[PDB]
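Understanding the architecture of this molecule
Here are the chains, one letter per residue:
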Amino acid sequence: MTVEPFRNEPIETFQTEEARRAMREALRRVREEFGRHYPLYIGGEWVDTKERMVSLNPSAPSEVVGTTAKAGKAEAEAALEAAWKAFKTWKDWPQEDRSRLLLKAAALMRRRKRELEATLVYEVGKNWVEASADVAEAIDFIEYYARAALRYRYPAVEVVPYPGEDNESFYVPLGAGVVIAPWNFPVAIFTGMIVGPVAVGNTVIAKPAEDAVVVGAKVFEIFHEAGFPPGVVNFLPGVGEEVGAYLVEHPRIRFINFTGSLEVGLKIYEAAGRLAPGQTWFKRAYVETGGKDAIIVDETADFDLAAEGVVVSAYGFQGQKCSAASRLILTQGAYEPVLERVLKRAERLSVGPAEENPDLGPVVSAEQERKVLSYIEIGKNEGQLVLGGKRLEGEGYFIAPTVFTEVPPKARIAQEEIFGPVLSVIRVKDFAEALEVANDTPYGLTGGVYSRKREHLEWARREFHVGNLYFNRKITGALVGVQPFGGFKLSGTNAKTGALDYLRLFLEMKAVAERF
Amino acid sequence: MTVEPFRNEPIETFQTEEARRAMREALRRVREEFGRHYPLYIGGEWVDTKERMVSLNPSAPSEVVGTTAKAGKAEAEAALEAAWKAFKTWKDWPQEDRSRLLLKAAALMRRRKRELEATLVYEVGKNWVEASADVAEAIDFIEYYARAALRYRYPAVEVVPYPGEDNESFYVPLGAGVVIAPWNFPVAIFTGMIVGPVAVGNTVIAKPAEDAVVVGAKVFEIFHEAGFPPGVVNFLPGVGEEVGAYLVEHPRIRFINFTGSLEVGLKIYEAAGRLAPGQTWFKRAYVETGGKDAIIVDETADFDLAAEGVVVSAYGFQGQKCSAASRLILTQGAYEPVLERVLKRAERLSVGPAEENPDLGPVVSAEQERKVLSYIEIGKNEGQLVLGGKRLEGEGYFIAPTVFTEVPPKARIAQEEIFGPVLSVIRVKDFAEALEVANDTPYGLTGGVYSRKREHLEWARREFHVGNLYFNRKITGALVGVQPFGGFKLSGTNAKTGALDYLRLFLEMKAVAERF
Amino acid sequence: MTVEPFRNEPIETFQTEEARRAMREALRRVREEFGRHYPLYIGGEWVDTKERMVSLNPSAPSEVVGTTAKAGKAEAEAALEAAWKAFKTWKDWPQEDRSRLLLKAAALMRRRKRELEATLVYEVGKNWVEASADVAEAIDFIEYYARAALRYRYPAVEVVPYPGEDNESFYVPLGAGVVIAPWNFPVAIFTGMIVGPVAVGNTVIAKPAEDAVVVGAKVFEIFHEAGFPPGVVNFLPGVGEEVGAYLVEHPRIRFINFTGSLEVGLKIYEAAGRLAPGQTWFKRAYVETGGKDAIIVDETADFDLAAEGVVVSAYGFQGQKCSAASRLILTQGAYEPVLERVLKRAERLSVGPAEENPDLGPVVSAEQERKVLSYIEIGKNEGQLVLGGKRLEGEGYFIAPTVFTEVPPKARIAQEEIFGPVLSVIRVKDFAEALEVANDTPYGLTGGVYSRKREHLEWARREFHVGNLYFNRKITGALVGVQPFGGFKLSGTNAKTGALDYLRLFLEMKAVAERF
Ligand SMILES: NC(=O)c1ccc[n+]([C@@H]2O[C@H](COP(=O)([O-])OP(=O)(O)OC[C@H]3O[C@@H](n4cnc5c(N)ncnc54)[C@H](O)[C@@H]3O)[C@@H](O)[C@H]2O)c1
Ligand SMILES: NC(=O)c1ccc[n+]([C@@H]2O[C@H](COP(=O)([O-])OP(=O)(O)OC[C@H]3O[C@@H](n4cnc5c(N)ncnc54)[C@H](O)[C@@H]3O)[C@@H](O)[C@H]2O)c1
Ligand SMILES: NC(=O)c1ccc[n+]([C@@H]2O[C@H](COP(=O)([O-])OP(=O)(O)OC[C@H]3O[C@@H](n4cnc5c(N)ncnc54)[C@H](O)[C@@H]3O)[C@@H](O)[C@H]2O)c1
Ligand code: NA
Ligand code: NA
Ligand code: NA
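Conventions we followed
- Residues numbered from 1 in each chain as written, not as in the entry; some residues may be left out.
- Chains lettered and ligands numbered in written order.
- Part of a larger assembly, values for the part shown.
- Heavy atoms only, no water.
- Residues with missing side-chain atoms left out of burial classes, pairs and counts.
- UniProt positions renumbered as here; feature names shortened; annotations may be inferred.
- Donors = N, O, S within 2.8 Å, 3.2 Å for Na, K, Ca; no water.
- Helix = DSSP H or I, 4+ residues; strand = E, 2+ residues; numbered from the N terminus.
- Buried < 20%, exposed > 50% of the residue type's maximum accessible area, 1.4 Å probe, protein only.
- Contact = heavy atoms within 4.5 Å.
- Nonpolar A, V, L, I, M, F, W, Y, C, P; charged D, E, K, R; others polar.
- Pairing = 2+ DSSP bridges.
- Axes fitted to C-alpha atoms, helices over the stretch in contact; angles between N-to-C directions.
- Least-squares fit on C-alpha atoms.
- Patch = residues over 30% accessible without salt bridge, like charges linked within 9 Å, V, L, I, M, F, W, Y side chains within 5 Å.
- Areas by Shrake-Rupley, 256 points an atom, 1.4 Å probe, with all protein chains shown as cover.
- Salt bridge = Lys/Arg side-chain N within 4 Å of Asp/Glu carboxyl O.
- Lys, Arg positive; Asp, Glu negative; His and termini not counted.
- Charge placed at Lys NZ, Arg CZ, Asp CG, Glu CD.
- Polar contact = N/O pair within 3.5 Å; in protein donor to acceptor, adjacent residues only side chain to side chain.
- Near = heavy atom within 4 Å.
- Domains from an automatic or database assignment.
- Buried area = accessible area lost by both parts, 1.4 Å probe.
- Expected span 1.5 Å × (residues − 1).

Going by the header, the method for this PDB entry is X-ray crystallography, and the resolution given is 1.80 Å.

Going by what the PDB entry lists, chain A is known as 1-PYRROLINE-5-CARBOXYLATE DEHYDROGENASE and is assigned to Thermus thermophilus. What the PDB entry is called, per its title line, is "Crystal Analysis of 1-Pyrroline-5-Carboxylate Dehydrogenase from Thermus with bound NAD". One UniProt comment on chain A, placed under Pathway (unreviewed entry), says "Amino-acid degradation; L-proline degradation into L-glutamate; L-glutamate from L-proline: step 2/2." In its Sequence similarities (unreviewed entry) section, UniProt records this for chain A: "Belongs to the aldehyde dehydrogenase family. RocA subfamily."

Here it is in C-alpha cells:
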C-alpha cells in the first residue's frame, strides 16, 4: 500500500464551540448562495439548458435553495457519447493513477465538509449530525473504493498453471453506465455509486434525485476540481421517468447502478433484462431498494438501551432511511417495559426547521408528506394510534414522531415501506414468533435484536433473514468497510456497498494463454 | 487444505493397448445396454412417468441409445418442493462436509470414466478423445469447486473493525435454482453448473438437453451413489420450452444457471428480470451463450503450426463447440500459405460413426443437420466454397469438413453461429484490420492469434475483445482452473466457470454486528 | 478478524480529579454493601448453603467485607454434574460464538472496573494502582483469550496431504475441569484460569482462595450477566484442602488449573498423576507456583533507575507477588551505591489502610502476618537487619518494608518464598557470580538485571534461568500478550498465561481420514 490503512471519517458531533461556529459560517455561506444556478456537467464542462429544475427548502418550501439545468434525451445522448469516448482511454489508466484521482477527490470533499453538510440541511432537511454522517460516508466511499480497486489490479486472478504456457487472467471495466440515485443520502450514496464503478475503469452518467439536484451539483464541482478526464463522470439532473428511464432502456448503456424505491427498482430490473434494438450485451443492473426493518426486543434485554436505540433507528432523519426501524417486535415480557420507555423518549423529540438542529426536521417534500399522512390514515384502521400522527404547524413539512400499537403482522403499515417517522409495534408470544414475524415481509434489508440471551442472538445471526443485522445497538448508520451494506429479497440485488465485493460487480474477466 | 492441490484429470489419448482395451470393453458394454430406460430423480428417489424422452444414436439414428421419463409441470412442482425442503438443512452443512461429498462424487465419476466416455460416443457422436476430454472436464469441475468452496467458508469476508463491536460478514447460499444444460458437453457442463451451486449450499433442479438425457441420468446415478441428501440435486429431463421455461418463469425459482444458444439465453435473461406473481426476490440468471470465434494468423506465424491448430479448433467435435474456430482471419501475406495448408489438412479428415474413432463423427441430430446444411446453402451465395459443403452418404448425420473463403466480414456465415464443421475464411490487409474484423460480431467468447511478433500478441491481449484468448495454440478445450471460461457481449454474462469467482455468483452476503 | 486488534486495558493512575472522584464513589458503594452474602453459583443459578465463609478487611480485620456460601462434597458433586452436562453442548458451540460471549464478559467487567478495584482494596488490601492493574489484567485475559481461541478453530491443524484422501486434523476441548486460584490476584488470575479453558469449549468449576471469596463472587455476577450457559462456569468458594482436594482427586475431573504455593502445587501434581478408581483418562494438571526472584545490578547500571525498580518490585502489594523481587544481588562495584539508594527510597514508603492509597497496605491475613514475622525472625539469625522488620501499630496487618543485607546465598531467607515485604541483599564479586547466585534456588519465575553493558544483558538473556526476565525495569506486572507469564523449575509447569500457547493446554487433537 502507498497510503495509510483505511479509517472511517469521524462524524462531527458539534460538541465544541469551534465546530458550532464552523457550521453557522457554512449555513450562512450556503444560504447566501440560494440564488445559484447549476448547469449539467458533460464531457468535462458545465453545459446549461433552456428548462430547469427547482430545489426547495423542505423546512420552508417557499424558499428556493437553488436551480439546475434539466437533462432531456438530447443531453442524455451527448452524455453517452462523452462517456464512451472517455472510456476508451480511462480504462487504460494504471489502477494506481485512477485510485490517486479518487484520493484527491476525497481530500477536496473533506475540505468542503461543512459546506456540503449545510447544503444537506437546507436542501433535504437533515439536522446537523445526520448531515455530517452523510458527508462522512461519502468521503468513506471514496477512500475505501480507492484502496479496494487496487486489489483487482492487473493481473489479479489466481489460476492453475499449465506446462509450456503462460496463463494470465485479469479484470477489465465494463464501459459506460448510468447511476440513478435517491434523495435521502444525496451525497453519500450518490458519491458511492459513482466512484466505485469509476475507480476500476468505467465511466458514468449520474442522475441525481429531483429533490437533491443542488447538493449533487456541488459534488460534481469537487469531481471537476479533482481533474477527472472529460466524459469520465457526467451530471444529468432531470426527471426519473424521463431521462432516467431513457438511459436504463438504451441499447448503449452497459450497466445500471440504482438505489431507490422498490416500485422503480422493479421496472429497472425488468427493463435491464431486455435486449434493446441493436444492443450487443447483457446489461448488468444493480438495484438496492427499500426495506420494512424491524427491531426485536425480548424480556432479557436492557430496556433503556433498547428504547434509546429504537427511537434513534425509527426517527433518525425523520425515518426516511431504507434502514430505519419501522417495526418494533416485542415479546410478551418486553412489551410494556419497552413500549412505555419508547413512548416517553419519543414524546420528548423536537421537530422543526433542520438548521436549528432539532431531533427531527421536515420530511423532504409535499409528495412525501402526502404519502406519510396517507399511511397514517391507513394505520388508524389497522392499529391503535398512541403517539403523534399529525402534521405540525408551519409551511415546512413537519410530521410528528408517530407510534401505532397492537398492529397485525400482515397490516399494510406492517408490510409496506412508509419512509416517514412512523413506527408500528407488534406484540408476539416468544422469540421464535418474533423471528417469524420479522422474516414475514417481502423485504430483508436491516434488522436488530436487543437481548442478553446468547442463544437468541446467535439464533438470529443464523435465521433473522436481513442483509445487515445489529445486536444491542441502532440498526441504521452502517459504516463503510465495517458493515458491508445491502439486503435480501425485495430489498435488492445484495450489491454490498463499502465492501471489496462491490467493485467486482463492475468488472468482467479475460483469460489469455500463450503456448511458447 | 486437507487434500492434494488441484491437478487437471489427464485426457486419455488411447495410444496404449491397455487404454484401447478398456475403451473397447466400455463401448461394447454401453452398446449392449442400448434401450435402457432411466426415470426422473426427485427427492432422493427415481420416479418414472407415462410419457418419455427418446435418445437416438446420431451415427445410426435408427438405434435408440435409451429413453428417460419426461418431466412436466407436476414433476417440476414436486422437484421444487423437494429442493426447497432440502435447502433448509443442506445450507447448514459445514462447508468441509459439502466439499467432501463432492470429492466422493468425483472419485465415483473417475471410476466410471470409460463408461461415461462410451456413452458420449454413442449418444452425442463424440470420437474417443473428445469424449475423454468431456468427462475429464466434468471430474475437474467437481475437484475444483470442492476446493474453491472452502475459500468462502464462514466467516470469509474481510471487514474493517470498530471499537467495542464484533463485525462479522459471511456468505450464505441463495436457495433452490434451476440448471438448464446443452447437449454438446452433456457431462462436463451439466456437471459443472450443478455442483458449483450445490457445493456452497444451494439445491438444484437439473434439466438436461433433450439429445443427451441418457448420459445426464448416468451422472445422477453417480450423485445418488455419492449420497447427496434427498432433494439436493434433482434430474428433470424434458422439453426446454416446456418444463425448462416453466421453471425459469416460476416465482419460487431463486436462480437460473443456463448454458446454450443465444436465442434461448435472451428469453431466459428477459424472463428472469420479471417479478412473477408472488415472487419475493430479484432472480439471478447466468447465461453463457454462443460465439462466432476467430483465429487470426499474420505473416510472421508458423504456418504449419497455425494450420494444425485451426483444423483442430474448427473441426473438433464437428465444430459443435461454443469455442470452435468458425472464422479464420488471414492477413494478406498469410492468406495463401495458411489457406493451402488448412485445405490440405482438412481434406484428409476422416468422417464416420463415432465408435470408429474418426476425426469427425456426425452432427447431433436431424435438425442440427438441417440447420448446418441450410447455412451451407446460404454460404454458397456469400463466399466461395472451396472444400466440402455436402452431407455424406449414410443414415448417420455426417457432414463433410467445409471451408468458404473470400467471405465478407458482414456475411451471415461470418456473423451467425452455425455450430457445424463450417469454416469461413476472411482475407484482410494487416493485423489492425484483422483485429477490427475479429471484434466486429455480436459475440466475444473465444479467439486466437498465431504470430511470432510480440507487439501483435500483446496488442491482441489488450484489444482482441473475447473472454478466452489463446496465442499460438488451439482456441478450444479450456481447462478448469487454468483458463477461467466465459465470454463478453452476446456470448453471455461472463460467469467464469472453473474459477474461484464462479461460486460467488451463487452466494449472498450478510453482515452482523454486535455492540458489547 | 471481526474485532479490533488486541490492546492492553490502560491501568488507571488516578492523576485526574474525575478518576479520584470515581474511585471514592466506588469505595463508598462497596463498603455500603459489606453486609452482603454471596451464594455459590452452580448450573446457572445462585445456590446457598447452611455454612458460610467470612471475608475480612485486612486493613481493619474486625470489619467484615462480606460472606459467601461454603461448598462441601455435595456441592462439588452438583457442580460436576452441571459442568459435564453443559460440556456436552458447549463443546459444539462455534468458536466465534464462544469468543463473542467472552467479549461480552470483558465489556461488562470494564463497565464495573471501579467497583471491582474498590473490592480488591477492601478485601485483599491492594492500594489504588495495584487494584487497577489487577482488574485491567483480568479484562486483558478475556480480550486476549477470546481472540487467541479463534486461532484454533475447526480445522486448524496443518497436515501433509495424501492421494485419494481427505486428511483433516482439528482440536476439541477436554471436558470439565477445576480451577483453584490464589488470593493475591483474585480478579486477574481467577478470571484468566477460568476463561482460557472455557473459551475453547471446556467447562469449569472455580474454587476461589478463602481470602478473596467476595471479589470472586462479583466476577461471577459478571459471568452470569454475560449469559454463559448453565453449568459452563461454576463458583465454589470453600476450603482448599476440603473441596479443592476433593475435586483434584476426583475420577471425573478432566484437568486442573492451579496457581498457588509450591507446597500445594506439589500435592496437586502428584495427585493428578494417579488413576482414581474408575477414572478413564490421564489428568492434565497445570501448576504455577512461587518464586524467589532476584534483580541483579552491576557497576555499569543507572543506580537511581535500579533503586527505583527494585523498590517497586520488592514492595509492590507488600511483596505478595510470585514475581516480587525478594533478592537483590549486587556486584562489588554496585553494592554501596545501590544499597544506599534502595534504603533511602524504601524508608520513605508509607504503610497503612489500603483505601488511603499508601505505598503499602497490610498483608492479607493474620496467617500471612504470622508467616512473614516468622521469616523476619529467621532472617535475624542469617543476615543483618538494616530496615524495618517490625509489625506496625493498628489492628490491620501492617508490616514495614524490610531489608536484610550480607545474606548468605544459601540462607533460608535467600531460598524460601516469604511472600511479604522482605528483601534479601546479597553481595557478589562479579556478574558471573551474580548469575550463579541468581540461578541457585529451586525456583525460576522472574528475574531482572540493571546494567548498561550489552554483553551482560545478552549473557543473562541466555543464562539467567527464569521464565520472565526484565532488563532495566521492574520485574513485576507482566502484561497479557506482551510478556507470556510462567516459570521454570519449581515455579511451575511453564503454562504461559496471556499467550497463544496457553489455550493449546486445554485441547486435544483428532485426525480423521476419508479414503474416497
Ligand atoms: N437499499 C438501499 O441501499 C437504499 C438506500 C437509500 C434509499 N433507498 C430507497 O430509496 C427510496 C427513496 O428514494 P426516492 O424517493 O428518491 O426513490 P425513487 O425510486 O422514487 O427514485 C429514485 C431515483 O430514480 C429516479 N426515477 C424515478 N422513476 C424512475 C424510472 N421510472 N426510471 C428511472 N429512474 C427513475 C428518480 O428521479 C431518482 O433519481 C426508498 O424506497 C428507500 O428505501 C434504498
Ligand atoms: N458459452 C458457453 O459456455 C457454451 C458452452 C456450450 C454450449 N453453448 C451454446 O449452446 C448452444 C448449443 O446447445 P443447444 O443446442 O442445446 O442449445 P439450446 O439453447 O437450443 O438449448 C439449451 C437447453 O435449453 C433448453 N431450452 C430450450 N428452449 C428453452 C426455453 N425457452 N426455456 C428454457 N430452456 C429451454 C433445452 O432443452 C436445453 O436443455 C450453442 O449456441 C452454443 O454456443 C455455450
Ligand atoms: N506462578 C504464578 O503465576 C503465581 C501467581 C500468583 C500467586 N502464586 C503463588 O501463590 C501463593 C499465594 O497464594 P495462596 O496463599 O492462596 O496459595 P495456596 O497454595 O496456599 O492456596 C491456593 C489455592 O489452593 C487452595 N488449596 C489449599 N490447599 C489445597 C489443597 N491441598 N488442595 C487443593 N486446593 C488447595 C486454596 O484454598 C486456594 O484456592 C504463593 O506461593 C505465590 O507464589 C503463583
Ligand atoms: Na429540496
Ligand atoms: Na442422442
Ligand atoms: Na479478606
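Right, picking up where we left off after that structure.
Attention shifts here to the coordination of the sodium ion (ligand 6). Six octahedral donors around a metal ideally make angles of 90 or 180 degrees; four tetrahedral donors ideally make 109.5 degrees. All names here are of chain C. At the metal site, the sodium ion (ligand 6) is ligated by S55 (OG), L56 (O), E123 (O) and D211 (O), and these contacts range over 2.5 to 3.1 Å. Read in sequence order, the donor residues coordinating the sodium ion (ligand 6) give the pattern S-L-x66-E-x87-D. Highlighted residues: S55 in strand 4 (residues 52-57) and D211 in the loop between strand 8 (203-207) and helix 7 (213-226), separated in sequence by 156 residues. With a relative accessible area of 2%, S55 lands in the buried category. The class for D211 is partly exposed, based on a relative accessible area of 28%.

The partner chain C presents 26 residues to the 25 residues of chain B that form the contact. Within the residue set of the side of chain B that touches chain C, elements represented by two or more residues are helix 3 (95-111), strand 6 (165-173) and strand 19 (507-515) of chain B. Considering every element that reaches the side of chain B that touches chain C, the biggest residue donor is helix 3 of chain B, with seven residues. Across the side of chain B that touches chain C, the residue classes tally to 11 nonpolar, two polar and 12 charged.

Quick look at the sheet that holds strand 14 (residues 384-387) of chain B now. Strand order in this open sheet of nine strands is 6(A)-19(A)-18(B)-17(B)-12(B)-13(B)-16(B)-15(B)-14(B), and the pairing throughout is mixed. The outermost strands of the open sheet, each flanked by one partner alone, are strand 6 (165-173) of chain A together with strand 14 of chain B. Between one strand and the next, the sheet's axes are offset by a mean angle of 20 degrees, whatever the strand orientation. In terms of strand pairing, strand 15 (residues 402-405) of chain B meets strand 16 (residues 422-428) of chain B through three bridges, oriented parallel. Following the sheet pairing, B:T402 is matched in strand 16 of chain B by B:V422. Against the sheet, helix 14 (residues 454-463) of chain B touches strand 6 and strand 19 (507-515) of chain A together with strand 17 (446-450) and strand 18 (468-471) of chain B, its axis set at about 155 degrees to strand 19 of chain A.

Here the focus is the coordination of the sodium ion (ligand 5). Residues and elements named next belong to chain B. Around the sodium ion (ligand 5), the protein supplies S55 (OG), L56 (O), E123 (O) and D211 (O) as donor atoms, at distances of 2.6 to 2.9 Å. For the sodium ion (ligand 5), the single-chain donor residues occur in sequence as S-L-x66-E-x87-D. Taken as a pair, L56 in strand 4 (residues 52-56) and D211 in the loop between strand 8 (203-207) and helix 7 (213-226) lie far apart in primary sequence, 155 residues in all. Given the relative accessible area of 35%, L56 is considered partly exposed.

A few words on the relation of the copies chain B and chain C. The two copies are related by a screw operation: chain B maps onto chain C through 180 degrees of rotation and 0.0 Å of translation along the axis, at an RMSD of 0.2 Å. Between the two chains, the operation in question is that of a two-fold axis. By residue overlap, the copies meet face to face through one surface: 100% of the interface positions of chain B are interface positions in chain C.

Let us now look at a negative patch on the surface. Among the surface-exposed residues, A:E63, A:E355, A:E356 and A:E395 lie close enough to one another that they form a single negatively charged patch. Inspection of the secondary structure puts A:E356 in the loop between helix 11 (332-346) and helix 12 (366-379).

UniProt tags A:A181, A:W183, A:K207, A:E210, A:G240, A:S261, A:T289 and A:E417 as "binding site: NADP(+)" (unreviewed entry). Look at the named residues: they lie 237 residues apart in sequence, and the longest C-alpha span between them is 23.2 Å, so in the fold they stay spread out. As for its position among the elements, A:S261 is in the loop between strand 10 (255-259) and helix 9 (262-272). Classification of A:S261 as partly exposed rests on a relative accessible area of 35%. By secondary structure assignment, the location of A:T289 is in the loop between strand 11 (284-288) and strand 12 (293-297). Excluding anything up to four places from it in sequence, A:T289 contacts A:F258, A:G260, A:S261, A:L262, A:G265, A:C322, A:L445, A:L490, A:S491, A:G492 and B:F282. Of the polar contacts made by the side chain of A:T289, one reaches the backbone oxygen of A:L490; its length is 2.5 Å.

Bringing the site of ligand 1 into the picture now. Residues and elements named next belong to chain A. Near ligand 1, the surroundings consist of 27 residues, among which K207, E210, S261, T289 and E417 are the closest. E210 is positioned such that a nitrogen or oxygen atom in its side chain is 2.6 Å from an oxygen atom of ligand 1. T289 places a polar main-chain atom, nitrogen or oxygen, 2.6 Å from a nitrogen atom of ligand 1. Elements supplying a minimum of two residues to the shell around ligand 1: helix 8 (240-249) and strand 10. At four residues, the largest contribution of residues to the shell around ligand 1 is made by helix 8. A domain split of the shell around ligand 1 shows at least three residues from each of domain 1 (1-289 + 480-516) and domain 2 (290-479).

This next bit is on the site of ligand 3. Residues and elements named next belong to chain C. What surrounds ligand 3 is a group of 27 residues, the closest being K207, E210, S261, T289 and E417. Residue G240 places a main-chain N or O atom 3.4 Å away from a nitrogen atom belonging to ligand 3. Between a nitrogen atom of ligand 3 and a main-chain N or O atom of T289, the distance comes to 2.6 Å. Of all elements in the fold, only helix 8 (240-249) and strand 10 (255-259) reach the threshold of two or more residues within the shell around ligand 3.

Right, let's get into the relation of the copies chain A and chain B. When chain A is fitted onto chain B, the two copies agree to an RMSD of 0.2 Å after a turn of 180 degrees and an axial shift of 0.0 Å. Both copies present the same face, since 99% of the interface residues in chain A are matched by interface residues at the equivalent positions in chain B.

Glancing now at the side chain of A:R473. Here A:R473 is to be found in the loop between strand 18 (468-471) and helix 15 (500-504). On the basis of relative accessibility, which here comes to 5%, the residue A:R473 falls in the buried class. Within the local environment of A:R473, its side chain forms a polar contact with the side chain of B:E165, the two groups lying 2.8 Å apart. Here A:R473 is in contact with A:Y450, A:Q483, B:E165 and B:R515, once residues within four sequence places are set aside.

To continue, consider the interface of chain A and chain B. Tallying the contact residues gives 76 residues for chain A and 75 residues for chain B. At the boundary of chain A with chain B, total buried surface from both sides reaches about 6,000 Å², with 54% on carbon and sulfur atoms. It is A:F282, A:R461 and A:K510 in chain A that bury the most area against chain B; as a group they hold 14% of the surface buried on that side. For A:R454, the salt bridge identified is with B:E514, shortest N-O distance 2.9 Å. For the side of chain A that touches chain B, the secondary structure elements donating two or more residues are strand 6, helix 9, strand 11, helix 14 (454-463), strand 18, helix 15 and strand 19 of chain A. For the side of chain A that touches chain B, the class distribution of residues is 36 nonpolar, 17 polar and 23 charged. Summarising the sheet, strand 19 of chain A and strand 18 of chain B pair through four bridges and their orientation is parallel. Across the sheet, A:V512 pairs through a bridge with B:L469, a residue of strand 18 of chain B.

In this model, helix 2 (residues 73-90) of chain C (18 residues) spans 25 Å end to end at C-alpha, consistent with the 26 Å of a helix rising 1.5 Å per residue. Looking at helix 2 of chain C, one finds that the buried residues are C:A76, C:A79, C:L80, C:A82, C:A83, C:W84, C:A86, C:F87 and C:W90.

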